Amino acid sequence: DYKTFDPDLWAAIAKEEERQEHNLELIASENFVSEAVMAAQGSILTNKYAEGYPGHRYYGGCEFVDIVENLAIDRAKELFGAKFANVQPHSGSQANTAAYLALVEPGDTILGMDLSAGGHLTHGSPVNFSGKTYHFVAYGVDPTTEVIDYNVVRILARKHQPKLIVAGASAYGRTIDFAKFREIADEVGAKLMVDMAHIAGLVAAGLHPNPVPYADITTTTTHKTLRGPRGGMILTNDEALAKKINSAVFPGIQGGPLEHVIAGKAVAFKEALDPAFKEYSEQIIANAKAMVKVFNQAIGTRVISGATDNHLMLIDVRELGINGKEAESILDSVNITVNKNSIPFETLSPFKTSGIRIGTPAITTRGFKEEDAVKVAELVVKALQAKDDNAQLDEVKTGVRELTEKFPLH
C-alpha cells in the first residue's frame, strides 16, 4: 500500500480530513466538492499535455481529452448563457490576468472596487500584477449605508475617464447592479468587466442578476458557490474578444492546461445543471439571512450594511473589544473557522482589521437548514461574548460537536 511508504504525508492529509469533519467551515469562499469532482482531479488526465484548444492541439493523442474540455466549455455556456467560454485558466487570478490583457494596455486607467470595501486583490492592489501593470482607481461603499453609491461611481468614472470598469467583489454581501455599471461604463466610453467568482453559483441558479449579458468579459473561479475544483474561467458574448481571450490564456500567460482539473470543472458544471443545485443555492441564501438576523439582534456584532442578499456577511467586532485577528483566533479555539477581514473605512492595519467574514456555502453543502444556521450564529456570538470564560467556550465546542455530528461530511 502506497500510504505505508510516506506516513508523514498521508498522516497530515488524514488530519486535514478530520479537521474538515470536526470544524464549522464558515470561510465564505470555501466549499466541499463532490466525490466525483475529486475523482476527476485524481484521474490519469494529469498525464496528458494538451496545449491549444479542442481540435487544434499542439500534441498528438488529444482526441478524448478534447471531449472533456468540450463538456466543460459547453456546460459553462449552458449554465451562464455565454456564447464563448474558456475553461483553461489555472485560477481566478490567471482568469483576471488574461481578461485584462484582452481589454486594456499597460498603464491604462481602471476603476475597480476598493479592497477594504469588498474588492479583490486582482482588482487593483499595489502588490498585485493588477496594481503594478495598470493605473487603478477605487470606488467604495457609502459610509452610512455601506452599499455601493452608484452616483459616486459615476463621478469617479467621469473624472478619471477609465478605459475599463471592473465590478464584482470578495466581501460584498449585497446585490450588485450590473445594469448601472454598464450604463456608467457607456457614459464615459469604458468597457465593463465583471468578476463573479463569489456569486457564480447564485448566478447560475438564477438567484443573482446575471452579469454575462452586460459585461464585455465575465471572469469567475470554479470553486466558490459553484462548488467546483480550484481554477478559473472566462466568458464573453463577443467573438473578437473571445479570440483575444483565448490567445491571452495560451500562448499568452499559460502553457499546458490542467485537464484533470478541467474534468472536475465539467463534473461540477453538470451538477450545477441539476435542479437540486437551485435548491442548494436557495438554502445558501436563506441560511445567510438567518445568520444575519441573529447577529443583528446580538450585542456587539454589527452586520456591515445591516443585511445580506447573497452567501456572505461582514461582522464589525470592535464593540466586543477585539479586532478581526482576535475574533478569528477565538473562533478557531472552538472549532469555528472564519477569516479576519477589513470593513468599509477600516481604521486598523490589514494584519488586525475590525471584522470577520462569514459565509454559508460550505455548511449548506453539509446539509445545514435555517434552524442549524441560526444555532451557528448563536454559537459565534457566545464565543465572542465569552471574554476569557473557558466555561462558556467549552459549551460552544460542545455545540459545534453537536452540529458536526448531526451533519456528517466524510
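Note that residue numbering follows the sequence shown and begins at 1.
Trainee: Between 25-33 and 349-357, which has the larger average Cα B-factor in the PDB entry?
Mentor: It is 349-357.
Trainee: Tell me which of 150-158 and 75-83 has the higher mean C-alpha B-factor in the deposited entry.
Mentor: Comparing 150-158 with 75-83, the higher average CA B-factor belongs to 150-158.
Trainee: Name the residue from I262, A248, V203, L320 with the greatest C-alpha temperature factor listed in the entry.
Mentor: By C-alpha B-factor in the record, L320 ranks first.
Trainee: Considering only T236, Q297, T222, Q88, which residue's Cα atom bears the greatest B-factor as recorded?
Mentor: Comparing C-alpha B-factors across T236, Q297, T222, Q88, the maximum falls on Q297.
Trainee: Should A377 be placed in the lowest, middle or highest third of its chain by the C-alpha B factor in the entry?
Mentor: It falls in the top third of the chain.
Trainee: Taking the C-alpha B-factors as the PDB entry records them, is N310 in the lowest, middle or highest third of its chain?
Mentor: Middle third of the chain for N310's C-alpha B-factor.
Trainee: Please place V166 in the lowest, middle or highest third of its chain by C-alpha B factor as given in the entry.
Mentor: Ranked within chain, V166 CA B lands in the lowest tercile.
Trainee: Looking at the entry's B-factor column for C-alpha atoms only, identify whether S329 ranks in the lowest, middle or highest third of its chain.
Mentor: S329: CA B-factor falls in the highest third of its chain.
Trainee: Test of reading the entry: by CA B factor among the chain's modelled residues, which third contains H120?
Mentor: According to the entry, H120 has a C-alpha B-factor in the chain's highest third.
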